[PDB]
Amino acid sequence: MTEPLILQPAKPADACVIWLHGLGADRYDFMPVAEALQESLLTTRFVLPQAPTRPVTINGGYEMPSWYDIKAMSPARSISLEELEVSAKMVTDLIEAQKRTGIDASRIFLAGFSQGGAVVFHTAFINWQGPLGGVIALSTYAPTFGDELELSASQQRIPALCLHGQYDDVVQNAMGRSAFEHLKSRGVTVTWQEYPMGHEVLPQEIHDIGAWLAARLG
């Protein structure tokens, strides 16, 4: 277990964002975004966990930072659900450990790009029972959502910001959109943003995220 990166804000922390990378990245991959975001969120800590290094099946059993195994790309987007649940669990433990440092749970946010965003949806809307600040889900989807999903009263109260590129060929706009609807249909306060891009992050995307968090902190 590689330890999460923790990036001190400018003033003392009274808020946190836990931010998970996608397949093959590491804890550094979203440092530049975190730091950019900390130019205006003055009291928000950014925690950047790293996924366990494990065989990835579409990559030939190549061992890399992975939240869960992907086994085929198509047709079936088939994944390891057990591993996914072990990660959702590790993230839950991260939320608890941030609370112990004195950050209030209404001011902890979970964020996730691609593979990472799949784990954030499961942790928030399947596992978590407390207050939470927000889910930000970048170029992602929720392979463990479906028509049987029911939210507790507490889970409905977690707002969610959902972002995607129009031209994503690895997680289709449609999948990103399905996860959003799933919660929209069910009462969750949830925003959708699309940008003209692929499976990546834009500056304007970061700006928007910065605006939504600050609105949630204020």
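Note that residue numbering follows the sequence shown and begins at 1.
Higher mean CA temperature factor between 65-73 and 179-187: 65-73, per the PDB entry.
As recorded in the PDB entry, 77-85 is the stretch of 77-85 and 91-99 with the greater mean C-alpha temperature factor. The residue among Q50, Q155, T57, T44 whose C-alpha carries the highest B-factor in the deposited model is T57. Between the residues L20, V17, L23, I209, it is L23 that shows the highest Cα B-factor in the PDB record. Among the modelled residues of the chain, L161 sits in the lowest third by CA temperature factor in this PDB entry. Ranked against the other modelled residues of its chain, the C-alpha B-factor of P9 as given in the entry falls in the middle third. The deposited CA B-factor of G116 belongs to the lowest third of values across its chain. In the deposited entry, the Cα temperature factor of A214 sits in the middle third of values across the chain's modelled residues. Per the PDB record, residue ranking by Cα B-factor puts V171 in the lowest third of the chain.
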